[PDB]
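Below you'll find the structure, written out as structure tokens, and then a few comments.
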Amino acid sequence: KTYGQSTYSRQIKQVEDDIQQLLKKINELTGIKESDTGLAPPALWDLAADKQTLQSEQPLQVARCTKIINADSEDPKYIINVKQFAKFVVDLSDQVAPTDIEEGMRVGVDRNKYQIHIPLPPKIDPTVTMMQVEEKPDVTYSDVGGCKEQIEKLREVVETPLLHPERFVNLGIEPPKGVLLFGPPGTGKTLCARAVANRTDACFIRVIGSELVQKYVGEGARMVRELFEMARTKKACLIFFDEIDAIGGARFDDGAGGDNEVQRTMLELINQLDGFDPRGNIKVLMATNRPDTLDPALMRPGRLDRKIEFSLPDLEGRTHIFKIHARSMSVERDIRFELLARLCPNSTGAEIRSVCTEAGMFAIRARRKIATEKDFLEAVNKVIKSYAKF
Amino acid sequence: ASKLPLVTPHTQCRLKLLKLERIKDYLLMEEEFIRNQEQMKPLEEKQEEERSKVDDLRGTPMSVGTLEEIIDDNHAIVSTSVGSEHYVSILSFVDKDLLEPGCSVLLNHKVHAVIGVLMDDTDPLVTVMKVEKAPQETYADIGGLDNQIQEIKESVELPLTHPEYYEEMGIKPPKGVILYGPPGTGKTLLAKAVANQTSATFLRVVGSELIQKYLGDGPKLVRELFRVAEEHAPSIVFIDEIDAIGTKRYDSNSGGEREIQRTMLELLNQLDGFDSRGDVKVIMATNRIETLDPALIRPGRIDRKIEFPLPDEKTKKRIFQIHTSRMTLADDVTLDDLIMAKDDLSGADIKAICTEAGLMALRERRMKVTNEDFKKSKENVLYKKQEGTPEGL
Amino acid sequence: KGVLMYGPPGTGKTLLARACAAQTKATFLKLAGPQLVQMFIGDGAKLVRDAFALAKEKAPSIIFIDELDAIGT
Amino acid sequence: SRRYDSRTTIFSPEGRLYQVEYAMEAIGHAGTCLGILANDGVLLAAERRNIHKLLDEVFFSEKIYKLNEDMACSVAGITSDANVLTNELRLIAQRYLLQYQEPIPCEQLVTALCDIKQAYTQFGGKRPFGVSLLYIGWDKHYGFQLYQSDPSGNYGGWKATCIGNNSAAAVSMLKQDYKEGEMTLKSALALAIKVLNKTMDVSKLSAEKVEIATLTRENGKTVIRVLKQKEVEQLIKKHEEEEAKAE
Amino acid sequence: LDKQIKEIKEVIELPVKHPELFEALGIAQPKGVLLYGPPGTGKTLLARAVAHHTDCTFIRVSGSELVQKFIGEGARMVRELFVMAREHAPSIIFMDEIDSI
Amino acid sequence: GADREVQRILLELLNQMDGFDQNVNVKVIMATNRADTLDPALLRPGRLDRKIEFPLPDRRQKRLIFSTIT
């Protein structure tokens, strides 16, 4: 056997093993043989063997998707274009009211007289619907420390104006609508963005700059245009471009053509942001390690109105970060976290989290279950000093 | 099988024992009652004939369409093969866990209502990147590292073996390990070993294999590579010869280097970005590391960084006896005489010496390999050094 | 025939055109250089030709091609 | 102007002078050169590259150069930089002679030239000289001598060397078949013929695709000579005969 | 072709004529060879010479030809080629234009 | 796809050319301004077996063509 992990190890192992056996036994005693035809658990062929399927197949006919192209005369008469089938001039069934149908919206029509019965949501590139956040992160504004003025500005530009419009509307200030976050790698940009996404109360979209380069000409611009149309359907949304330097490259066309399609997509984003077509309720963020490369047209107010500098944290912020990350630990009681803050010279958040984890490591390798000071000193050594030359 | 989570301390304890004993006892009551019912009545006939009703509802000429958007409410837009787009009703017997956009759905012929789904191929890229067992050898064939292998084991293997250790204290494992050192020193081999020894799906890629000749293909490749790694449970990725893709990132450059930088940004986001990386680890190798980008090898992206020195005096003996292991040698083999020289030999150099000696032994028909052959082979292999002798010294 | 506005970024270009649309009454059409580039060969030209056709058919009108530098290289 | 500057005299990020490395890379393609110091002579054996039926015969040689009455040198690299360096060497020899009325010792000279070359690769912004030298001579300090130089400015005394094409192979045999202190001039010439026959893999010694030099002391004074056609061909016939008897 | 003939001898006739030396010496038997160079340099002539001298069959295919129309025709051709080479114990395959694939 | 369909036409041409018995008097002649850009699969024996240069005229041909056209 082994050294002995815990007194109950064997007892829990036994209860798990017989749990597995009883689960297998019920599996055999209930059937549930995997079916290659995608068919539900027999206890879930429910309303399915009968009584809803047989009641849904009778009244619910098959409508066919069609894309309205024109709505001529006040009298209902609709030209729809069924995909790869035909193109017709049809009328409205009674269920839909005339106001519901507009030009350009997908509609459903029946298979006999092709009259309109239901609208439908527009078609969005599968690669442009996933950038919605769906499940929001849990990081919050207590997890970001040593950046207090920066977070204040970000919160006053992306967050406060949506929650309390009347403050700004009364005095008559249209709040800035863009932020450029720039600072050394690993200083707190993406984390503050995560926090903003968690706290905010409106649609959030994550776009990577490297996600807008495409093989076929004139696709990236379409992607940007669709993204902004989608974001404009919502009531209010935030878009957070990462590594925007990916496609905001400076314009240097000369001689043989080089990186020109990226330039067209960049111009399309520029025109979407601030341009003839009004930008509705949208707020934009960008993060870059290298803000200089961004072109003169993007970095201009009206598109990126604010510029927040993230600098390496000061000593107070250093200890604060140490303490935030050393929270869910099984750690000793008294650690002079000021000592640890001093002992690491200018170092970023990533340094500090690495310090915490390396201290946990040096605790484990010593077969200890509570982290002490010596663990943290060893951690700081192994992190700062040893990995200096990189 | 969709069992309850104990969510006691999760570490061996009395509460984990009582929440565990309770589920066991309920399963016991259920099993007893079920066995009683089965003895009292088979129900085989009743469970049957439900298949018959289902197959009655789904007519014989079932049609394979292609789902394209689920309205979230037991409805769908299913596209027939030609290209038409219908708006059908999802019935009650389709296992909805298997319904996602792009799935080959099985529709009714007259009514196209969704009545099933089908499996798909498993090789978008899974086959081409997964390496299976390493043909070279297991941890046995590697010697002299000891400390490095220990680091890797703790970084990538130990968090899979016994999560309790890390979990007990509230610290997550390191994120990624970058293997750096002089060429021919045991990086790729150690990755191969920790691959063939662990229990996850290990994927390997060459950096020059991410340099694509159509725009926006490198970023797609990296995005996919990190896309079929969460589909597959715990997973490991090893991007070898990364130097060819991650470089200092000098801005005064023209050509396809911009695409290189753009794929580097995609990777830099995948490793640590907006979303949570799930359960995956990232190993990397680079013979030349001083030239990587600070944001790629920064702490939260790659916590562990491993140096790989050359064999010094004795690891040379170990490697030599490892590669000479399978060959009949004459009883005059002065191996130390070959090792004692401080010729800065590398591991791959040792393999080259072994193979060349074996090959000339084959050339001369001789049933055994002689020391003179090994020394001649050593001279021949070292002959591939060159350079300007007085210069620089 | 035609008017082109050139000046450094943010020097007041699109705002004047927006104002002209605000005061003028003929049919306005907006656009963007990158909007006429399509993947399919022969689609950008069809876009342009149909746009001029609609402008012509719907009484006198103006077309505003912003970011003309996208296609005029 | 900094835009067009090449920076031919600046360190690389690992402390290696690149222009120097490329200069030494040029030499590895010119004619091979051989050094062999006997106990009673010194000898230079380079390959005659100017192998065309329409070239004319001029001068006492084509690659060997006299520098004093008691010193000669052969060149591998660029021909024009060769001429420049030869002229400066001649000037150095005469300047020493004028100051001291004694022939310039051999390491006196070789280090003067290499100092010029090194200085040239240290500051100035020029390209370095792409030439590597082999020398031969006698002086009352060390007797018969055989030195060598490189674009860097480093030199070295060699009992036997090879600078130029197929240098590795030539030095490999020279290591295998050199008797330190047990070599007559005749044996050294035969060893040269053999090694060169290997190296000049293109055909065999045609007695015309080769150059040989001998420096000896005769009647108390140095005598320098360039082997004629008859003796060279006779030596080659002797070499083939010896190899045939050996097989 | 003395140089290439001797080389191919030493690289193939050994695994076929004398498939013992490798067993004893423990050095794994080479599984194939690659021929490269400009066009028309006797590659097929040497392949045929070795196939005849080694008393083995010379199933031959061209990589260009391998790139046929039917989907999987390359895969099916490879499977058929190897199964037939297995039916003929003594065999040597000569994929001609492997570069094209 | 488009390139796939062109490759399909090309392969169909090769398959039809190879489908002869040397006993049917159906001959094929094709003209190209760039032979080098053709795929080699056409040039292989059994298919197209003659290439006929049509070089720019030399003196004698220039004289003959002048006389015949004047």
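Should a chain be cited, it is by its letter among A, B, C, D, E and F, assigned in written order, with residues numbered from 1 in that chain.
Methods note: a contact is a pair of C-beta atoms (placed from the backbone, for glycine too) under 8 Å apart; a residue touches a chain by one contact, two chains touch by 3 or more.
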Query - Touching chain C and also chain D, the following chains - result: none
Query raised in the report: Which chain pair shares more contacting C-beta pairs: A-C, or B-D?
Result: A-C
Query raised in the report: In whole angstrom, how far does the Cα centroid of chain B sit from the Cα centroid of chain D?
Result: 58
Report task. Can you check how far apart chain A and chain B are, centre to centre, with Cα atoms defining each centre and the answer in Å? Result -> 25
Query raised in the report: Centre to centre, by mean C-alpha position, how many angstrom separate chain E and chain F?
Result: 34
Report task. Would you please write down the residue numbers of chain D that are in contact with two or more other chains? Result -> none
**Report entry** Interface residues, chain E side, partner chain B - complex
**Finding:** 10, 14, 21-22, 24-27
Query raised in the report: Can you list the chain B residues touching chain E in their complex?
Result: 326-328, 358-359, 361-363, 365, 367-369
Query raised in the report: Which chain C residues qualify as touching chain A in the complex?
Result: 8-10, 14, 17-18, 21, 30, 32-35, 37-39, 44, 64, 66-67, 69-70, 73
Query - Complex interface listing, chain F residues touching chain E - result: 8, 11-12, 15, 40-41
**Report entry** Residue ranges of chain A touching chain B (in the complex, touch as defined)
**Finding:** 5-9, 11-12, 15-16, 18-19, 22-23, 25-27, 29-31, 36-42, 44-50, 52-54, 56-57, 60, 62-65, 82-85, 108, 118, 120-121, 123, 126, 137, 185-186, 190, 193-194, 197, 206, 208-211, 213-215, 240, 242-243, 245-246, 249, 258-259, 261-262, 289-290, 293, 328-330, 348-351, 353-354, 356-358, 360-361, 363-365, 369, 371, 383, 387, 390
